[PDB]
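Chains as they are written, first to last, in the numbering used here: chain A, 656 to 709; chain B, 538 to 860. For each residue, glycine too, the CB sits at the ideal point set by N, CA and C. Notes to accompany the following structure.
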Amino acid sequence: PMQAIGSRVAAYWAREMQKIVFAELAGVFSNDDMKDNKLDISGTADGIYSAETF
Amino acid sequence: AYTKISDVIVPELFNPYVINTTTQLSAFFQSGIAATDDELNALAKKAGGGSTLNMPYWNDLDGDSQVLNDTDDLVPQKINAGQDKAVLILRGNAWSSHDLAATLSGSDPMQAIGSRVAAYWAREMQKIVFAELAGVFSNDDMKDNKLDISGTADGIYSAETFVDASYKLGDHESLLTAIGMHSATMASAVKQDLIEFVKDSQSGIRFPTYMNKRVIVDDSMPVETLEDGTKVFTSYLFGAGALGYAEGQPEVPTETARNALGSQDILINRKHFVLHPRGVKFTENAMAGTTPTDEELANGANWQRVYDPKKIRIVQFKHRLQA
Numbered sequence: 656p657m658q659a660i661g662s663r664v665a666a667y668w669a670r671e672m673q674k675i676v677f678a679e680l681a682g683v684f685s686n687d688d689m690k691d692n693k694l695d696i697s698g699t700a701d702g703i704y705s706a707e708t709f
Numbered sequence: 538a539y540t541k542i543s544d545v546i547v548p549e550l551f552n553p554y555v556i557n558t559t560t561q562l563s564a565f566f567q568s569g570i571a572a573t574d575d576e577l578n579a580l581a582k583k584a585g586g587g588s589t590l591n592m593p594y595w596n597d598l599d600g601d602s603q604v605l606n607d608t609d610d611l612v613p614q615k616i617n618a619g620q621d622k623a624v625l626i627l628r629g630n631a632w633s634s635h636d637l638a639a640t641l642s643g644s645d646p647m648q649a650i651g652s653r654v655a656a657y658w659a660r661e662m663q664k665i666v667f668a669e670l671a672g673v674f675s676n677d678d679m680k681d682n683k684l685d686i687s688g689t690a691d692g693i694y695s696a697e698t699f700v701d702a703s704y705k706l707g708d709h710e711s712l713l714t715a716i717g718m719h720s721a722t723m724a725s726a727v728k729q730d731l732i733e734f735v736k737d738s739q740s741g742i743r744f745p746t747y748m749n750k751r752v753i754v755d756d757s758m759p760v761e762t763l764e765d766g767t768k769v770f771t772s773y774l775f776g777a778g779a780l781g782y783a784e785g786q787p788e789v790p791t792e793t794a795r796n797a798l799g800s801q802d803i804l805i806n807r808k809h810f811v812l813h814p815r816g817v818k819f820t821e822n823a824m825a826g827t828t829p830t831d832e833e834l835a836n837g838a839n840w841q842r843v844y845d846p847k848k849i850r851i852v853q854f855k856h857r858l859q860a
């Protein structure tokens, strides 16, 4: 199981990168006044995420 | 330094690769012409500040030249109106960054940096031609026969007004290939209509298709604002097959030079090319220069056509979006 243990470590670290990057954005980009010019909040009675708001 | 066929500067073995790579990678193509004939590679050779060149029409047009019965000989012969004067333009720049970008690409960019510049001039050609047509064709009363609108309170651009605008050339058909588009429009379309995604040219992947016309996505479109929510869009329809262009050539295509009191070096290109619809004639008025004119001044006003009506070949229609 050379290729086996290799697989395992591989998928492990993949998962690492995934989580760390996503949370990395999460707790930062939005909590600020700084980026606020980059965020569309909207919601508020309509918009479905289709074809337009995109 | 490094290998750097630019910083060891072999002007040979480089420049032709650059221009060819520009032609292939760019699109359009087609749509418009690719590798125009000898004629224009000749008039593209020794020339100077124009005006431009001629640039014949196509059809010899005869079929008069009447009964040869007894006594005329024949009348040798008729030709119609003429000229079709246009512009010859000149462009160029350096490269923005240092050798930073240049070999930051890598070690031996025999093909890399070339690909770079190629794609660059691709985008260039795109912008210049697009803004050019937009600046001229629409605004005058002379072209009016090629524009449709409707575009007040009812129409969605689907399946019908496309038919009308498509057949506004009543004689000629199956001459539509390219279609110019604004993003929002094709949004409405991919919502309602069947516009599908087809790997079509071979090889390579891929790009959208409405009907077997190739479509061309573009960012820049004139967009108005009328009262009451309305927004009117342009999205030219031509796909004539074609426009035309010829190369010419400056001298010193690429020059490697550096500086001293700072740490940099600079690459430069400065190519000439000749492109325009035929099509309307370019007059000389209200323009500084020269040459070329400008972007803006190459648009704002003052062009004049002679055919008139057919074999232009372009059309536009301003349609209400999907509401």
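Asked	Found
Alpha carbon of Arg-670/A to alpha carbon of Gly-661/A, nearest angstrom	14 Å
Residue nearest to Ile-851/B in terms of C-alpha spacing, selected from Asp-610/B, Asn-682/B, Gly-600/B	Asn-682/B
CB contact flag (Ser-568/B, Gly-776/B, <9 Å)	yes
Within 8 Å of chain A by C-beta, residues of the region 698-725 of chain B in sequence order	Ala-724
Within chain B, the residues that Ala-665/A reaches when beta carbons sit closer than 8 Å	Ordered by position in chain B, no residue passes the 8 Å Cβ test against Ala-665/A, which lies about 28 Å from the chain.
Coil, strand or helix - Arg-663/A by DSSP	helix
Residues bridged to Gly-717/B (per DSSP)	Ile-753/B
8 Å contact criterion, which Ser-772/B and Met-662/B should meet: CB distance rounded	Actually they are not in contact, since the Cβ atoms of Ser-772/B and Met-662/B sit about 20 Å apart, beyond 8 Å.
Nonlocal neighbours in the same chain, by C-beta distance under 8 Å from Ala-572/B, ignoring five residues either side	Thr-560
Where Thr-746/B falls: helix, strand or coil (DSSP)	strand
Whole runs of the beta strand (DSSP E) within the region 658-743 of chain B, excluding any shorter than 3 residues	715-719
Chain-ordered chain A contacts of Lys-728/B [CB-CB under 7 Å]	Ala-706
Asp-831/B burial status per 10 Å Cβ neighbour count (16 or more: buried)	exposed
Cβ pair count under 8 Å reaching 3, the region 639-658 of chain B against the region 816-827 of chain B	no
Candidates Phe-854/B, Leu-713/B, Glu-576/B: closest to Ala-783/B by CA position	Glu-576/B
Residue environment, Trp-595/B, which counts as buried when at least 16 other CB atoms sit within 10 Å	exposed
C-beta atoms of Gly-826/B and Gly-672/B nearer than 9 Å	no
Assigned secondary structure, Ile-851/B (DSSP; H/G/I helix, E/B strand, else coil)	coil
Same chain only: Cβ atoms within 7 Å of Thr-722/B, ignoring 5 sequence neighbours per side	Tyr-694, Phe-770, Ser-772, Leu-858
7 Å Cβ shell around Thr-540/B - same chain, five flanking residues per side excluded	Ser-644, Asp-645
Inter-stretch contact (C-beta, 8 Å, three-pair minimum) for the region 744-763 of chain B and the region 711-720 of chain B	yes
Where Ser-634/B falls, given that 16 or more other Cβ within 10 Å makes a residue buried	exposed
Under 9 Å between C-beta atoms of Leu-625/B and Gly-688/B	no
For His-635/B: DSSP bridge partner residues	None, per the DSSP bridge assignment.
Distance between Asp-621/B and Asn-591/B (C-alpha atoms, nearest Å)	7 Å
Nearest residue (CA-CA) to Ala-638/B, options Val-760/B, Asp-544/B, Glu-761/B	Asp-544/B
C-alpha gap between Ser-685/A and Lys-680/B, whole angstroms	51 Å
Short Cβ contact (9 Å threshold) for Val-843/B with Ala-618/B	yes
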